[PDB]
Amino acid sequence: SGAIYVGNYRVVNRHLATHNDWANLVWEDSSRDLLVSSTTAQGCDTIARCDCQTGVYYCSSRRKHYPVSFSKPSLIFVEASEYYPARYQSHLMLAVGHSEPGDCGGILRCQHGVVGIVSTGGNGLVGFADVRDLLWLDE
Ligand SMILES: NC(=O)[C@H]1CCCN(C(=O)C(F)(F)c2cnsc2Cl)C1
Ligand SMILES: [Zn+2]
């Protein structure tokens, strides 16, 4: 679990969105596993606007943060799950690091701010849904 709170927006994994997120929907994209909903309170998270390929992510299944080197956002084949059929997920960044299903939503950050959230994993890999291209989160 986990979300990004920036301005009047809440960014979560689309497969973990609640009834309230869908009732306050701003934008969603199944191909990216992202959903954004509106909030009444102001969020103070900062979104990175950079091309960093290193950062630190939070791993809830270890209660620890880990440093990572990750690939540029790209289209990656993801196996079928109870939430989606087998498909290419876009804007996904892979890295070597521990992750379990409940780790989805953990933030990846670089020195410039929030880069994305955990969205896939397995066998010593961790994949992050990028949010740096969503310029409207601030403007
Ligand atoms: N973005 C997706 O399609 C997710 C949906 C939930 C299931 N997906 C996963 O990768 C996983 F949860 F099974 C997993 C396994 N080990 S670490 C993680 Cl994260 C794909
Ligand atoms: Zn950066």
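When a residue number appears, it is its place in the shown sequence, counting from 1. As the structure lists them, so they are numbered: ligands from 1, and atoms in each ligand from 1. Both backbone and side-chain heavy atoms feed into the values below; hydrogens, waters and symmetry mates do not.
- Contact record, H98 with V126: O-CB, 4.5 Å, taken as the closest heavy-atom pair.
- In terms of polar-atom proximity, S119 is counted as a contact of ligand 1, with an N or O under 3.5 Å from an N or O of the ligand.
- Atom numbering of ligand 1 starts at 1 in the shown order; those under 4.0 Å from a heavy atom of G122 are 16 (N), 17 (S).
- For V78, the closest heavy-atom approach to ligand 1 falls below 4.0 Å.
- The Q89 neighbourhood of ligand 1 comprises atoms 1 (N), 2 (C), 3 (O), with distances under 4.0 Å to a heavy atom of that residue.
- Contacts between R87 and ligand 1, counted as non-hydrogen atom pairs separated by less than 4.0 Å, involve the side chain only.
- Atoms SG of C50 and SG of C110, as seen from the Zn ion (ligand 2), are separated by an angle of 110°, to the nearest 10°.
- The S99 neighbourhood of ligand 1 comprises atoms 16 (N), 17 (S), with distances under 4.0 Å to a heavy atom of that residue.
- No side-chain donor-acceptor contact under 3.5 Å links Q89 to the backbone of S31.
- Listed by number with element, the atoms of ligand 1 under 4.0 Å from a non-hydrogen atom of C104 are 19 (Cl).
- The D33 neighbourhood of ligand 1 comprises atoms 1 (N), with distances under 4.0 Å to a heavy atom of that residue.
- Taking a cut-off of under 4.0 Å to the non-hydrogen atoms of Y84, the atoms of ligand 1 that pass are 3 (O).
- With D103 contributing its side chain and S60 its backbone, the two residues share a donor-acceptor pair below 3.5 Å.
- In this structure a side-chain-to-backbone donor-acceptor pair under 3.5 Å is missing from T46 to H112.
- For the pair SG of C52 and ND1 of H112, the angle whose vertex sits at the Zn ion (ligand 2) is 100° to 10 degrees.
- Considering all non-hydrogen atoms of both residues, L94 and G127 come closest at CD2-CA, 3.7 Å.
- Taking the six-membered ring for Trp and thresholds of 30 and 60 degrees, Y83 and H15 have ring planes inclined between 30 and 60 degrees apart.
- In this structure, the protein non-hydrogen atom closest to atom 19 (Cl) of ligand 1 is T120 C, 3.3 Å.
- A distance-only check finds no donor-acceptor pair linking the side chain of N24 to the backbone of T39 [under 3.5 Å].
- The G121 neighbourhood of ligand 1 comprises atoms 10 (O), 14 (C), 15 (C), 16 (N), 17 (S), 18 (C), 19 (Cl), with distances under 4.0 Å to a heavy atom of that residue.
- No option in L137, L134, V11, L35 other than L134 meets the side-chain contact (heavy atoms from CB on, under 4.5 Å) test with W27.
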